[PDB]
Amino acid sequence: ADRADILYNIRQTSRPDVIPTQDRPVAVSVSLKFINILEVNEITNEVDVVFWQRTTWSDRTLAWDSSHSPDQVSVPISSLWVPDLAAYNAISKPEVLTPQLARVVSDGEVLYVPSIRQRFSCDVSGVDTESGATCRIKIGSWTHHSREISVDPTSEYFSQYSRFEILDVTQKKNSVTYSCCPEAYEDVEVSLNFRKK
Amino acid sequence: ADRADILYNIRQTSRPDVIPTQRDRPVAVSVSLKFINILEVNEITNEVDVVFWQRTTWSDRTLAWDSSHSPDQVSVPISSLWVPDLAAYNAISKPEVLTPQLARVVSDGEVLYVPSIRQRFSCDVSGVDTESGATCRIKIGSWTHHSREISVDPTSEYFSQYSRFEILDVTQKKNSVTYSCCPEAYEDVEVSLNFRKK
Amino acid sequence: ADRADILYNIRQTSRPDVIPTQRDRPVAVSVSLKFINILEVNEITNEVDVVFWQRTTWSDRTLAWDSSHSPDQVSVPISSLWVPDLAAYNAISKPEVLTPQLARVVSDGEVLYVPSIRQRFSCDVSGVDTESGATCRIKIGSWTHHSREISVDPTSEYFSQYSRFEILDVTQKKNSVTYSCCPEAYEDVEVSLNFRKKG
Amino acid sequence: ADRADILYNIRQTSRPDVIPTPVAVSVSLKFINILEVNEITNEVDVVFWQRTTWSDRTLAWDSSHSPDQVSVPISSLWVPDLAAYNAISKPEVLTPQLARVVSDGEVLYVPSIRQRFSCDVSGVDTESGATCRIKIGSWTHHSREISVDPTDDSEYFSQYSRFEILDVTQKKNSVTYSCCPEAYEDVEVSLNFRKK
Amino acid sequence: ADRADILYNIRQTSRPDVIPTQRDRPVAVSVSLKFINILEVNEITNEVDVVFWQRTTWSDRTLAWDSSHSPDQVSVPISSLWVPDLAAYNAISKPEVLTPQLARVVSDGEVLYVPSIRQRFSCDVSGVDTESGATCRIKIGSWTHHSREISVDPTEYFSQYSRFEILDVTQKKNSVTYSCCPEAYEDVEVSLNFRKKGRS
Ligand SMILES: Cc1cccn2c(=O)c(-c3cc(Cl)cc(Cl)c3)c([O-])[n+](Cc3cnc(Cl)s3)c12
Ligand SMILES: Cc1cccn2c(=O)c(-c3cc(Cl)cc(Cl)c3)c([O-])[n+](Cc3cnc(Cl)s3)c12
Ligand SMILES: Cc1cccn2c(=O)c(-c3cc(Cl)cc(Cl)c3)c([O-])[n+](Cc3cnc(Cl)s3)c12
Ligand SMILES: Cc1cccn2c(=O)c(-c3cc(Cl)cc(Cl)c3)c([O-])[n+](Cc3cnc(Cl)s3)c12
Ligand SMILES: Cc1cccn2c(=O)c(-c3cc(Cl)cc(Cl)c3)c([O-])[n+](Cc3cnc(Cl)s3)c12
């Protein structure tokens, strides 16, 4: 089997609209790497950031034997199921800056790392101090509760040319629940502690 | 039945372009806005930029399945379902949907759609910097379906603490509009956001 | 016949790319703007940003069905229908459609499309801050269909009370343009919005 | 044959991705508006009708007993890959993306375009005015595949612009690149304009 | 064989989603930027807006045809062929392609793609209003294909009407690797040394 055969197989087997549960939730790993802080407004409490959203999960149906073939291919995400992640305090659409390609590994692991520019409503107070501001970004599945999707977290790539610098990034698991229903929604709370240089 | 079987059944039965009227009764659409943010307010132009969750529910009993030994809910892309053609009458920008365009379908045939929307409105911003605050009225209804086809029924907890504004009161009242040409009435929800600068 | 049957039949007979000329008659397109808002006015650059409902009606008799014992109207996405290729000649932005892109089809074959449009125009903004106000003229017609293929016919109630501007008068007059090349005439409606800044 | 039959036939015969061979493409700009001029950055924002004609004989039909012209979406036709070499924004097509096809196989496409250009704005606030040169040609087809031929410059120009047109000149030209022997044909449109 | 036949054959054999690796060799992608214009420079935010031609070439031997008695080159929409998934690592906007999205395919299987791109970068703008000027570094490589799948090789048209002038452009090969994995990603580092015209 050559690359074309693996890709043909993935396209004919992929169910983009069907969460690939093995009765277990799909374990989605999410890690933000901050690349840039572009605009900060201490009056409106708004930030414009660029981050790589490292996103991994498993779809065992996509797996193939790679003893005598490539163990990884690039696949357009429009061909694959993708977690329906959203940032709860986003105030703009995520602008994906990068090619919308995922990597599929022969064991069925899927890796997606879009570079995203997005605006958030978060605490910008203290940005011009030594201690800096702490902007909290909550990312979770919009429509899949904890029995369907679990979200697990895990300044190296931050631009030296930003007016801001990063003091600390903290990535903590959290859970939200609504008055209506017993369903809990898992999220990652990403705490970006940063300040003006 | 697994998730794929429920979704294939929904795909084969759902007619995205056909309102699911039972007999000649209207489809009862529930609409509830939850305000998340007030981003830009202009007291001179009377324009406000808001973020809200538009909780939208209705019934398509043709989609129903037995969930005794199966999942009782799935996520479905809205392009596979009929969705109410709701619009805000006093919007001055396109709705920016911030969230994945998936609905939930429940085994009893309930459909639930909760987009997070950023949109700009023309409304009364006068008094925003006072104690009594401003009252901004948002009218949401079906653009093309009169009251015999769609009825719209209404029903601070999630408001960002980091907004420059705070919410005093949200009221959701049912209302109805009619045009000189025709006897048809269009139902809407009038959402009254009473808010002020902190 | 139920709504699904009417919609199936419309999709089978509708030719979105084919003007529905009955005999070899022009398709009579009715156009009526209802101004909802005036957002930005620049008296120096002579530019206005407006919101209007473009009430647009025409006949496609091939879509007709018997509506004794069926619904006499349905909502249909405009991507399933032929739609007039109307353009504003002094527009300087693309029309931003604010509303769902659904038309109403009546069982006699009448089609009604009422998009809410935000668009920017180049027009006369002089006098906006006076009592007599400015008169901004918007020219709307078919871009590619001359008068033997499309005729365009015209016909403050919904204006936002919260605008900084107020409407004194709207006039809708039929007009016709012809180009040096060809004998073909293009019909338009000239919509004259007389408005001013409030006291 | 009725309109539906002409359009059905165009869908069966048209190859949007195949140049209908050089194809002689006629290009003529009519300036409608000058919106923004910046003397410091040498940038202009203009609105123009790009009158574009060519022949695709494969589209032809007998019109003795049918319409001799139809409107066709450009996504159904081959269209010249014309670009402005000194554009600094994407062309914003303001108008419905329909061409006219004549029964002899002539195609006419007249988009109204808003676009920003890098060009000489020096003298704009003088009596002699500025001369802004806009170079339009095929991006990927050299002169053996596409030839570009030009055709009252102020007849359609908005009276409400802060600017006025003194002269529009449309001259044939050619570009060639260090790599290759191929020549690319262009029209150089010289817009002589000034502040009122 | 006429143009229609060549294009039909390209559509029948081209796999837009499949990198055309020959044996187990990487696809050699040649990338060369020609700067056309510098539009907006912000010395406070360290942001530039530039227009450049991204000359992109590679080989897809599956596309090849006999051109002894037919055209040796055609224009093909990029949606009909595989295209390298190049991205600028310090881009802060989507690339805005200003030009028709057509590649040239040569009968030997050579593919040439030259989009005119407007894009905003985060890079060092300090010194732009000095004699030595600013050096803005743009890193371009494959987003998803490591060095065993794609290799990136580097290899006059600047508007005379820009308020900036170009002192030097240097194009150097480089390689990145991530803590997770052994895979290396090739890039080109393009160094644009430029400054404001007309300083005293
Ligand atoms: C090539 C590249 C440029 C920038 C960021 N990348 C990354 O961050 C990672 C990465 C991912 C994880 Cl889960 C952990 C770590 Cl430590 C690194 C990575 O593999 N790649 C290549 C890829 C691009 N798209 C996909 Cl899918 S994989 C890059
Ligand atoms: C996960 C999440 C984030 C934000 C808002 N949501 C909500 O408001 C509700 C919700 C809906 C109703 Cl009708 C009543 C109540 Cl009390 C709550 C909800 O279920 N969910 C998940 C969903 C997202 N899209 C669909 Cl469809 S369901 C969330
Ligand atoms: C519900 C609604 C909100 C706003 C404007 N509308 C209108 O102006 C008219 C209308 C149309 C005409 Cl031809 C004459 C008159 Cl007097 C009124 C109308 O019927 N509707 C509903 C519709 C929306 N889209 C279509 Cl198609 S019909 C509304
Ligand atoms: C109706 C209209 C509004 C604006 C500009 N138009 C034009 O300039 C010309 C035109 C074209 C040429 Cl080649 C020479 C001359 Cl002298 C005039 C024209 O025929 N039309 C209609 C058309 C629009 N799109 C197509 Cl295709 S044909 C108009
Ligand atoms: C016509 C044109 C306008 C602008 C730029 N172009 C170029 O830069 C080059 C070019 C390419 C290389 Cl690899 C080296 C050199 Cl030295 C020049 C070129 O051939 N062409 C035509 C083409 C445009 N798109 C394709 Cl595909 S071929 C132009």
Side-chain angles (χ1 to χ4, degrees), chain B residues 13-24 27 42-48 62 78-79 82-96 119-126 134-146 148-150 177 179-184 186, chain C residues 2-8 10-11 30 32 34 36-41 49-53 55 57 69-81 95-106 110 112-118 155 157-165 197-198:
Chain B
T13 310
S14 177
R15 292 154 161 151
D17 294 327
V18 180
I19 184 167
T21 52
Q22 192 110 311
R23 313 293 250 191
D24 260 20
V27 180
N42 193 321
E43 198 175 349
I44 289 159
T45 66
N46 272 323
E47 301 182 15
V48 62
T62 73
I78 61 172
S79 60
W82 177 80
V83 161
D85 63 327
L86 297 179
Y89 291 63
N90 55 322
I92 58 171
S93 71
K94 266 198 214 271
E96 197 195 339
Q119 196 163 28
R120 214 179 162 65
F121 298 89
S122 165
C123 69
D124 195 359
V125 173
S126 69
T135 304
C136 174
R137 297 170 181 192
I138 299 171
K139 272 189 201 193
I140 294 186
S142 172
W143 194 246
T144 71
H145 293 285
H146 59 82
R148 276 117 103 105
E149 296 171 2
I150 288 182
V177 281
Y179 297 94
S180 64
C181 70
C182 315
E184 336 301 11
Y186 297 83
Chain C
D2 71 357
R3 307 186 86 94
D5 296 340
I6 292 160
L7 275 66
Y8 181 75
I10 289 172
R11 266 183 168 74
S30 304
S32 174
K34 290 291 161 186
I36 308 308
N37 221 326
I38 300 163
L39 294 177
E40 263 149 355
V41 171
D49 203 342
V50 301
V51 182
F52 59 90
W53 301 341
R55 290 169 181 174
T57 72
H69 324 118
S70 303
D72 56 36
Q73 274 193 57
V74 290
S75 294
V76 183
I78 64 170
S79 64
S80 294
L81 290 168
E96 200 197 337
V97 183
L98 298 185
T99 44
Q101 291 177 57
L102 299 184
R104 289 293 277 189
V105 183
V106 191
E110 187 181 6
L112 172 43
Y113 178 46
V114 193
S116 188
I117 293 177
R118 190 180 175 158
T155 49
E157 200 191 356
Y158 310 108
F159 191 74
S160 165
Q161 63 182 283
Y162 301 121
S163 180
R164 279 154 61 68
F165 308 93
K197 184 156 172 247
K198 284 160 145 169

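To find a chain, count down the sequence lines: A is the first, B the second, and so on, and within it residues start at 1.
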Check your understanding: Does the ring center of C:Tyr158 lie less than 6.0 Å from the ring center of B:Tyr179?
Key ->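 So the answer is yes for these two rings.
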Review point. Are side-chain heavy atoms of C:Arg164 and B:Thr45 found at a separation under 4.5 Å?
Key: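 A side-chain contact exists here, since the closest heavy-atom pair is under 4.5 Å.
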Review point. For C:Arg55, does the CZ atom have more than 12 heavy-atom neighbours from other residues, nucleotides or ligands under 6.0 Å away?
Key: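 Buried by this count: over 12 neighbours within 6.0 Å.
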Practice item. State, to 0.1 Å, how close C:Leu98 and B:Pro95 come at their nearest heavy-atom pair, and which atoms those are. Key: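 That closest heavy-atom pairing would be O-CD, 4.0 Å.
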Exercise for review: Specify the closest pair of heavy atoms between C:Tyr162 and B:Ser122, including all atoms of both residues, with the distance to one decimal.
Suggested key: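 In terms of heavy atoms, the two residues are closest at CB-OG, 4.1 Å.
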Review point. Between B:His146, B:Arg148, B:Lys94, B:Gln119, which shows the greatest number of heavy-atom pairs under 4.5 Å with chain C?
Key: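 Maximum pair count with chain C is reached by B:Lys94.
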Review point. Using a cut-off of under 4.5 Å for heavy-atom pairs, which of B:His145, B:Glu149, B:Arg15 has the most such pairs with chain C?
Key: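 When all of B:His145, B:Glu149, B:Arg15 are compared, B:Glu149 has the most.
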Heavy-atom contact with chain C under 4.5 Å, split by part of [X]:
X	answer
B:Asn90	neither
B:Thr21	side chain
B:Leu86	backbone

Review point. Given a strict heavy-atom distance threshold of 4.5 Å, which part of C:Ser75 is in contact with chain B: side chain, backbone, both, or neither?
Key: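 Interface part for C:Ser75: both.
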Review point. Of the backbone (N, CA, C, O) and the side chain (C-beta and beyond), which part of C:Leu39 lies under 4.5 Å from a heavy atom of chain B, both, or neither?
Key: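 Interface part for C:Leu39: both.
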Drop me the distance from [X]'s [atom1] to [Y]'s [atom2], to the nearest 0.5 angstrom.
X	Y	atom1	atom2	value
C:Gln73	B:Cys182	CD	SG	7.5 Å
C:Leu102	B:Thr144	CG	OG1	4.5 Å
B:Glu47	C:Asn37	CD	CG	7.0 Å
B:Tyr89	C:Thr99	OH	OG1	10.5 Å

Check your understanding: So, C:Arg118 side chain and B:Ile92 main chain: donor-acceptor pair closer than 3.5 Å or not?
Key ->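 Looks like yes, one N/O pair under 3.5 Å.
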Point to revise | Donor-acceptor pair, side chain of B:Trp143 and main chain of C:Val114, under 3.5 angstrom | key: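 Such a contact is found between B:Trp143 side chain and C:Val114 backbone.
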